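First up is the structure itself, then whatever we jot down about it.
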Number of protein chains: 2
Amino acid sequence: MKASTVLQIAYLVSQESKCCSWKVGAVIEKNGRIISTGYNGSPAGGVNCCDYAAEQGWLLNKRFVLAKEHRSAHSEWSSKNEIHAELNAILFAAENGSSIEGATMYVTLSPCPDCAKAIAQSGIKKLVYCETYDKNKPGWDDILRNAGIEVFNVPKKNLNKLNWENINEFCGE
Amino acid sequence: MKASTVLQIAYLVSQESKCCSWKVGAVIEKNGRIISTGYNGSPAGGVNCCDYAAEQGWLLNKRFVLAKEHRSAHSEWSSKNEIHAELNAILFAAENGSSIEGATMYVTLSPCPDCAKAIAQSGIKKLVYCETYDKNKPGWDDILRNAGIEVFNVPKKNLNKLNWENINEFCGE
Ligand SMILES: O=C1N[C@H](O)C=CN1[C@H]1C[C@H](O)[C@@H](COP(=O)(O)O)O1
Ligand SMILES: O=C1N[C@H](O)C=CN1[C@H]1C[C@H](O)[C@@H](COP(=O)(O)O)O1
Ligand SMILES: [Zn+2]
Ligand SMILES: [Zn+2]
Ligand SMILES: [Zn+2]
Ligand SMILES: [Zn+2]
């Protein structure tokens, strides 16, 4: 399917995320059909990010945003509690038994180093993203290209089938 | 994932359709992840609906709509040339080897009799749709319920993450 189409599907998927910092969505497409999806969040039996941020007082009203002064505390907690969108999409394929070899991954946000190295080793041959992650540095995609993975970008401006008024991505103050 | 979310994903999927009468999208979800998708269209090596309608003069400008006087000619051609969204989603699972047993199907439009009977026999246990197909009659879903399939409806009004200005469903005059 068209890149703009799947990317926007990844954006709808991201809305299911309970993370108070960023809402990320990932879609795995094989031969034109979606065979897996994922969004960033905690595992089973684990408290959701938004609920934990509430208890910790990391949020600020108007509709809650993660306070800049607490983003650091969120990153530390998230690193060891929230599975990223890309990995969740891949994890479901392993758990369900769906081969993603040769597939294409669409993700709302450019993958962090942990996700990039996993993607490079997953069998995925193409990665398409929209926004560039907050904490990413230049050349972050080298590991993907060296693995033989094509990396493409589609700007938000080409995505006009979504009512952006109701799509939340970055949720920090 | 939330019904409203997957239904809207089915709507984005429907935009890939080249049919001049209706744009239909179907999504198969298993344990919360999308494992298959489909939209109505011709098979490989087969001329697309919009292109065939153009040659036949079935269309009317403003952005082309299927003329009411030609919908009958379209239905006859479509019946033997276009695979419906629901069946395409199921066909890919059979071709790719992805079990849809116990899965849930989301489809923009209520399935026609051909699709309903196939769904009833597919192993799918839940069907969620948005709009009621033009040519459907009451009790059309009995075959699904008798097969033990739950049937739910979500009105368009609950779907507000899409910019409906850019989503085409019914394309007739
Ligand atoms: O799931 C993805 N995909 C990309 O690889 C990067 C981060 N995200 C995540 C993890 C976390 O929930 C959030 C980033 O928030 P922080 O930047 O505050 O750690 O988005
Ligand atoms: O794919 C689906 N899913 C539902 O079962 C019903 C019809 N559709 C199709 C087939 C055809 O392309 C179109 C209906 O157009 P007509 O009503 O003009 O035949 O939508
Ligand atoms: Zn979080
Ligand atoms: Zn990551
Ligand atoms: Zn058609
Ligand atoms: Zn049908």
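Note that chain A is numbered according to Swiss-Prot, with residues 1-62, 83-193 shown in order.
Even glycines carry a Cβ here, placed using N, Cα and C.
Pulled from Swiss-Prot, these are the features on record:
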type: BINDING; residues: A:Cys19, A:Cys49, A:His94, A:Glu102; note: Zn(2+) 1 binding site
type: BINDING; residues: A:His104, A:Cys132, A:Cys135; note: Zn(2+) 2 binding site
type: ACT_SITE; residues: A:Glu106; note: active site, proton donor
type: BINDING; residues: A:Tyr153; note: substrate binding site
A:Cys19, A:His94, A:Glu102, A:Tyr153 screened against A:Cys132 (Zn(2+) 2 binding site), Cα within 10 Å - retained binding-site residues: A:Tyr153
Listed binding-site residues with Cβ under 6 Å from ligand 3, out of A:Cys19, A:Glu102, A:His104, A:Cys132, A:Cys135, A:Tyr153: A:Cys19, A:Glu102
Chain-mates of A:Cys19, A:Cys49, A:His94, A:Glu102 with C-beta within 8 Å of site centroid, Zn(2+) 1: A:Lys18, A:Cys20, A:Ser21, A:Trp22, A:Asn40, A:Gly41, A:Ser42, A:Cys50, A:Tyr52, A:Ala53, A:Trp97, A:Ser98, A:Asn101
Cα within 10 Å of A:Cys135 (Zn(2+) 2 binding site) - qualifying recorded positions among A:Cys19, A:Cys49, A:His94, A:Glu102, A:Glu106, A:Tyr153: A:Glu106
Other CB atoms, at most 10 A from the CB of A:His104 (Zn(2+) 2 binding site): 26
Listed recorded positions (A:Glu102, A:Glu106), ranked by Cβ neighbours within 10 Å, top entry: A:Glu106
Other residues, Cβ within 8 Å of A:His104, A:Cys132, A:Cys135 Cβ centroid (Zn(2+) 2 site): A:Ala105, A:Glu106, A:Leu107, A:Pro131, A:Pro133, A:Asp134, A:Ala136, A:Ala138
Sequence-distant neighbours of the residue listed as 'substrate binding site' in its chain (C-beta under 8 A, six or more apart): A:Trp22, A:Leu129, A:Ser130, A:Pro131, A:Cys132
Spatial neighbour of A:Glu106 (active site, proton donor) that is closest, considering only the binding-site residues A:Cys19, A:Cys49, A:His94 and their CA atoms: A:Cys19
